[PDB]
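Residue numbers (the deposited numbering), protein chains in the order written: chain M, 29 to 258; chain O, 33 to 249; chain K, 68 to 110; chain B, 96 to 154; chain A, 26 to 458.
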Amino acid sequence: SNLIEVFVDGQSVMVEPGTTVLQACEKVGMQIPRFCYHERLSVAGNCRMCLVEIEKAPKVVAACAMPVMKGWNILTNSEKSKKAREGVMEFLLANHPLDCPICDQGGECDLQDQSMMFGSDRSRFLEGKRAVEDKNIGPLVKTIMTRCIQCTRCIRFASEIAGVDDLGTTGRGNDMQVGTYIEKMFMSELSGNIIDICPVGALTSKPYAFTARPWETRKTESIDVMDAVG
Amino acid sequence: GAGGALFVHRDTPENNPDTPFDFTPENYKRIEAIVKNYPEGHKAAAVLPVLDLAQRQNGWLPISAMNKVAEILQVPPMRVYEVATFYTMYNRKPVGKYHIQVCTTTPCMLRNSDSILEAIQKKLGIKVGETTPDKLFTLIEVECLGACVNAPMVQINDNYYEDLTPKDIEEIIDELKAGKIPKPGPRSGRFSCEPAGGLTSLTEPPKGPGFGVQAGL
Amino acid sequence: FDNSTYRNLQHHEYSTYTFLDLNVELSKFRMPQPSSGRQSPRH
Amino acid sequence: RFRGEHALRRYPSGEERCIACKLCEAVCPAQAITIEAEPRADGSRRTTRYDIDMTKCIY
Amino acid sequence: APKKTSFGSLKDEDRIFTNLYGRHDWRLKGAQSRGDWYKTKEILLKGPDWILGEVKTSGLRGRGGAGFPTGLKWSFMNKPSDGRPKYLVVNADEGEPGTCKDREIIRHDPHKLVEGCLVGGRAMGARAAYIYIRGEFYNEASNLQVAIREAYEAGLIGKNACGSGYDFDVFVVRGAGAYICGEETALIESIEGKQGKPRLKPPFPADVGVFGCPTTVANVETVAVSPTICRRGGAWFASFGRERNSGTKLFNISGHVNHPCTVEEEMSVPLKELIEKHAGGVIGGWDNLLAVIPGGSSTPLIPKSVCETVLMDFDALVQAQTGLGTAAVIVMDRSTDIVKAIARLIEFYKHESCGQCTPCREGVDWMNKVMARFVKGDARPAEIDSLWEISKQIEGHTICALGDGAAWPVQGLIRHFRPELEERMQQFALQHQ
Ligand SMILES: NC(=O)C1=CN([C@@H]2O[C@H](COP(=O)(O)OP(=O)(O)OC[C@H]3O[C@@H](n4cnc5c(N)ncnc54)[C@H](O)[C@@H]3O)[C@@H](O)[C@H]2O)C=CC1
Ligand SMILES: Cc1cc2nc3c(=O)[nH]c(=O)nc-3n(C[C@H](O)[C@H](O)[C@H](O)COP(=O)(O)O)c2cc1C
Ligand code: SF4
Ligand code: SF4
Ligand code: SF4
Ligand code: SF4
Ligand code: FES
Ligand code: FES
Ligand SMILES: [Mg+2]
C-alpha cells in the first residue's frame, strides 16, 4: 500500500510512513542504544546515545526522532556509529559518581550495561566531578541526584502519564538540575513508576534500599489483587 | 567560573509563599495588553513578559511573584519556576537600586575591561557579586552585551555606558549616588558606532525616495 | 543639511514602563487573533 | 601474599569498611558467602548478615 | 569589464543603511526622506511570487551567520494554507561576541526593519511578524515600538496595509538574557513561554514552528535589506561581490584596532583593506598583528599570514578553514595572550550552553576546565591531542550548532598556535620542578 522500502545494513525492510530509524532497526531485531527514548513517552532526543550513520550522509542522525526515508541504508555497526556511541558514553561518564558498590541500580543498570557493550573501557577525564544536593519528594522514591544523567524521563512521565506537572529542570548548562525547585512531595497513585523508568540509580525505591542485588533474585510472574484491574 | 547562585528554593521569612505581592491595576492593564498579543489558545507565551513586569514592579522575584504569575496565566507553577531559573535577567534575590553589569568577554577584555572592574571595586569597596551596605549598588560580571565596538562598556539599569575609562565610571557612579541621571552611551566624543575620527563612510547626503528604483514598478 | 549632531537623544527620556505603555497603546491597532479552538492545551 | 583465615576490616575511625555491595558473594566460586543487608539506624548501607562457610571455602 | 575581480570600495549611493550612525532622524519623517516606505503598495500588489523571484535573483544569503540562500528558504513557505496561520519571526537576539550590527539597524532605522517585515510577510503569506529583540536592548526595543506605532497610525501596517488590501501585524517580544535564544528553534520555544532549548529538526519551522504553525525565522539584516532589493532589483544587489557571494554587508571591527567601528562595505573586500581603511589599522602597525577572528566567537581564528590576502565572504573564508559567520572581526595584536582569549571564549560558551543535550552540556564544561589548565600550563603536551579529540566528539553530535561554535575556536587555536601551548607547558614544568 503506502509502505516504503528502507535498508538496515543492506537488508530491505518495508515500513509505514512516519516510522523512525530506531523502529526500522527494531523490525530486523537490532536494538539501538538509548537513554532518553521511551516508547510510551514523548520523543525527547537529548541523550544522543542513539546516533547512527546513514549511508552517503555526512551527519549522524538521532535514530529515536528521525523518520526514515525511501532508499535509506541505516548503518548500525559502522565506524561512525561506534565512535559516536563511545563519545556520548564518555561524556555521560565524565561527571557520573563512582557509586556502583553503594548504588541500588548496580547489576541492572542501563548505564553500566551500555558502557560495557558500546563504550570505552577506560577514562581520560582528569578533572573534578560535579556534586548536586539531594531532593525530598516523599517517603516512596529515594533521590540521589548526583547520579542523574538528565534524560528527563521522569518529567515526561509525570506530565504525560500521571498528569502532574511538579517536575522540571532548573538552571542551565552543566548546572541544570531535575527537581521541583521547592520542597514538595511528588505524590501520585502512579509515582513509583518513575523508579522503573529512571535508567540509573538517581531514583530508587526507598523500602527496597540496600536489601538485594538483581542477580540474586528469583522472579515469579503472577497477578495483582489490590484492585480489580488485574 | 562557578555560578555561585543555587537553583533550589528554601523558604525564608522574607521569601516564602505568603510574602505579599500583587500587581497594581495599571500593571494589570499592561498584563491584559501583553496577553492580547498571542493566539487565544496559547496564553503561556505571555510568561516571559509578565514575569519581567513583576520584577519591574518589585525589583526582584520572590516565590510569591512566580506563584502569582502562574495563577494569572493558568500555567503550572513549575513551568514558571523553570523560566525564572533559566533566564539570567531574572533576580531571584534582592539587588541594589542600580545593578552594575560589566562585560568581560574577549572583545571587551581586549580593550581593558579589567581596569573598569577594578575602578568600580575600588570606588564601591565591594567584591564582584556583592551588594553595598547602603544597597544602591550591586555589581556582577556579564557576558557580551552586544556593544563590542564601544568597549569597555557597562550596563546599569537597562542603560548602556560605553567607551569607559576608570575616570568615566567613577564620575558615573558619583552622579548616580548623588541622585542625578548620567548620560548613557559612549564617553569619547563619539556617541555612536562610527570611527573615532574622520567618518570614513556616509559623508555625502542621503538620496530621496525614487533614487534608483527599477522600471516597471 | 548637516551631519553634525546626533538624532537619537530621545531614548534619554525612557522610563521603566515605556515599552509596556507602547504595547498598551498599540493594543487597539491590531487585528483579532486566531484561535486554536481550545482555552489551553490542557483543556 | 599468603591466603589464610578470613577477616573483616575497619577504617581508622572504627567504622566498618564493608558496604554490602555483595561483589564477594557474587564472585565466590564455592558459594561460601551469605549476605543480608539493610539501612542502619543512621542511614548507612551495612550488613545484617555476613556468613562464610569455611568448610565450603576453597581459599 | 564584466566579472569584476577586485572588491571593497562602494560609494554612499549604493549603501542600504544610510542612517547607520544615527546622524538623521530615525522617525517616520526621516525614513520617508531617505526613501523608506516608498511604493510599497505596488510591491505588495506584485504578489508573493514576484518578491520571492526578486529575492532569489538577488543572491542574498542569510545574514544571521549560516549563509543559507534566502530566496529558497522563504519560498519553502509558499504552500497553500491548511487552516493554521502563518508567521514571520525576525531574529534580533544578537548574542555573538563581537557583533553589533543589528543593534544599530534596530535603533537608527527601525522603519527599514518594519517595511522588510511587511514585504517578507507578504512574500511568505504570513499573518503577522514577531520581532524577538534581545532583552538587554531596552532603548532599542522602545525605539522599534515607537516606529511601529508611527507605521500603525500612518496605515503602513495593520488593517489594509498601504492600499494593498493585506492585513499584517508586527509584535515585539523581549528576551531575558540568553544567548542560546538566538537559535531559531530555541527562539520559537522562548516565544511560546518555555526555556530557550532548541528543538530537533526535522520538522523545520516552515512545517511546524511558533505555536505549531508555519513560520520563518530570519535575521534582522536579511529582513531589512529585502525592500531595497525589491525596489532596486535583484540584479543591482547581485552586481556586488563574487559569484554566490552577492551584495553588501555590515562589518563590526573591534579588538586591537585604532578606531573600532561598524561600517557597510561590499562583500568580497579583503580583510587587510577593510581593517586599514575603516578601522584605522592595527594598533602598532600591520606588522603588530597576531591573529584575527573574522566572523564572531564561533569562527576559528586565523594568523596574520592568512589575513594578508583573504577576502571577507563565505567561500574564501571557508577555504581558509574559518568561515564568515556574522562578519564580526576581532583583532588581536602581538601583545595578546591568545590562550587566555580562547579560554575566555570557551568560558562564555560554557556559561551560555542550555544544557539540553549530553555532548554540549558535559563536553563544553570539560573543555572549559582543560583550557583553564592550559592557560597556566599545568597540562602535558599529549592532552592537546586529547583536547582535539574531545572537540571532535562534540561537533556534529549535538542538537544545535552551539556545540560546533564551542568546538571550533579550540580547533583553530590548536591548529595555529600549538607551539605556544607546548612552550607554556614547558615553562610551567620547569618553574614547578
Ligand atoms: N547573528 C548572531 O548573533 C549569531 C550567529 N550565529 C551563526 O549561526 C550559524 C549556525 O546556525 P544554524 O541555524 O544552526 O545554521 P543552519 O545551516 O542549520 O540553518 C540556517 C537556516 O537555514 C534553514 N535551513 C537549513 N537547511 C534547511 C533545510 N534542509 N530545509 C529547510 N530549511 C533549512 C534553517 O531553517 C535555518 O533557518 C553559525 O554559522 C553562526 O555564525 C551564531 C551565534 C550568534
Ligand atoms: C547558538 C546560536 C545562536 C544564534 N544567535 C543568533 C542571533 O542572535 N541572531 C541571529 O540572527 N541568528 C542567530 N543564530 C543563527 C540562526 O539560526 C539564524 O538567525 C536563523 O537561521 C536565521 O537565518 P537567516 O540568517 O537566513 O536570516 C544563532 C545560531 C546559534 C546556533
Ligand atoms: S547508576 Fe549505574 S553506573 Fe551509576 S553508580 Fe549506580 S550502578 Fe553505577
Ligand atoms: S532522575 Fe532519572 S529519569 Fe529523571 S532525568 Fe534524571 S536520570 Fe532521567
Ligand atoms: S559485600 Fe563483600 S565485596 Fe562488598 S564491601 Fe562487603 S566484603 Fe567487600
Ligand atoms: S548543543 Fe548546547 S545549547 Fe545546543 S541544545 Fe545541546 S546543550 Fe543546548
Ligand atoms: S535515545 Fe535518541 S537522543 Fe536519546
Ligand atoms: S564583548 Fe563586551 S559587549 Fe560584546
Ligand atoms: Mg532507577
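Even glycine gets a Cβ: it sits at the ideal position worked out from N, Cα and C.
- Residue state for A:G437 is assigned as helix, using DSSP reduced to three classes.
- Using a Cβ-Cβ distance cut-off of 8 Å, the region 404–416 of chain A and the region 368–379 of chain A are not in contact, since fewer than three pairs of beta carbons, one from each stretch, lie closer than that value.
- A Cβ of chain A is located within less than 8 Å of the beta carbon of K:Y81.
- Nearest CB-CB separation between M:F119 and chain A: below the 8 Å threshold.
- For A:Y177, the distance from the CB to the nearest heavy atom of ligand 7 is not below 7 Å.
- Annotation: the continuous beta strand (DSSP E) that includes A:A117 extends over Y112 to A117.
- If you compare the alpha carbons of A:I318, A:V197, A:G108 and A:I68 with that of A:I173, the shortest gap goes to A:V197.
- Neighbours of A:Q57 in chain K, taken as residues at a C-beta separation under 8 Å, are lacking, since the least C-beta distance is about 15 Å.
- Within chain O, the residues placing a beta-carbon under 7 Å from that of M:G199 are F39 and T117, ordered along the chain.
- The DSSP-derived three-state label of B:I153 is coil.
- In this structure, M:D162 has its CB at a distance of at least 7 Å from all heavy atoms of ligand 3.
- Residue environment for O:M110: buried (at least 16 other C-beta atoms within 10 angstroms of its C-beta).
- With respect to M:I210, O:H41 sits close: the two C-beta atoms are nearer than 8 Å.
- Taking C-beta separations shorter than 7 Å and ignoring five residues to either side along the sequence, the partners of A:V248 in its chain run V115, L138, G141, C142 and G145, following chain order.
- A:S34 and A:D338 have their C-alpha atoms roughly 15 Å apart.
- By the Cβ criterion, the region 54–73 of chain O is in contact with the region 79–98 of chain K, since at least three pairs of Cβ atoms, one from each stretch, lie closer than 8 Å.
- Under the Cβ criterion of 8 Å, A:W62 is not counted among the residues facing chain K.
- Legend: CB atoms of the region 358–375 of chain A lying less than 9 Å from CB atoms of chain K are not found in any residue.
- Below 8 Å, too few C-beta pairs join the region 321–332 of chain A and the region 257–264 of chain A to call them touching: fewer than three.
- Residues of the region 164–193 of chain M with a Cβ closer than 7 Å to any Cβ of chain O, in chain order: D193.
- In this structure, the C-beta of M:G73 approaches ligand 7 to less than 7 Å from one of its heavy atoms.
- Here M:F146 really is in contact with M:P61; their C-beta atoms are around 5 Å apart, less than 8 Å.
- Counting along the chain, the unbroken alpha helix (DSSP H) around A:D340 starts and ends at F339 to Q344.
- As DSSP reads the structure, O:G217 sits in a beta bridge with O:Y193.
- Pairing A:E129 with O:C225 gives a Cβ-Cβ distance under 8 Å.
- Out of O:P49, O:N182, O:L142 and O:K129, the CA that lies nearest to the CA of O:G221 is found in O:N182.
- For the options B:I153, B:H101 and B:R140, the alpha carbon positioned closest to that of M:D132 is the one of B:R140.
- A distance filter of 5 Å between CB atoms and the heavy atoms of ligand 3 selects the following residues in sequence order: M:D127, M:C128, M:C131, M:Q133, M:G134, M:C137, M:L139, M:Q140, M:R175, M:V228 and M:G229.
- In the displayed model, A:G218 falls within coil according to three-state DSSP, outside both helix and strand.
- Nearest in C-alpha terms to A:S322, of all of A:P223, A:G123 and A:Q451, is A:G123.
- At a threshold of 7 Å, M:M77 counts as near ligand 7, since its beta carbon sits closer than that to one of the ligand's heavy atoms.
- Straight across, the Cα-Cα distance linking M:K55 with M:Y65 is about 17 Å.
- Contact residues of the region 134–160 of chain M toward chain A are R152, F153, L154, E155, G156 and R158 (C-beta to C-beta distance below 9 Å).
- The three-state secondary structure of K:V91, taken from DSSP, is helix.
- Neighbourhood of O:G73 in chain K, by CB distance below 9 Å: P101, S102, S103, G104, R105, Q106, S107, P108 and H110, in chain order.
- When Cβ pairs closer than 8 Å are counted between the two stretches, the region 135–152 of chain O is seen to touch the region 280–290 of chain A, the count reaching three or more.
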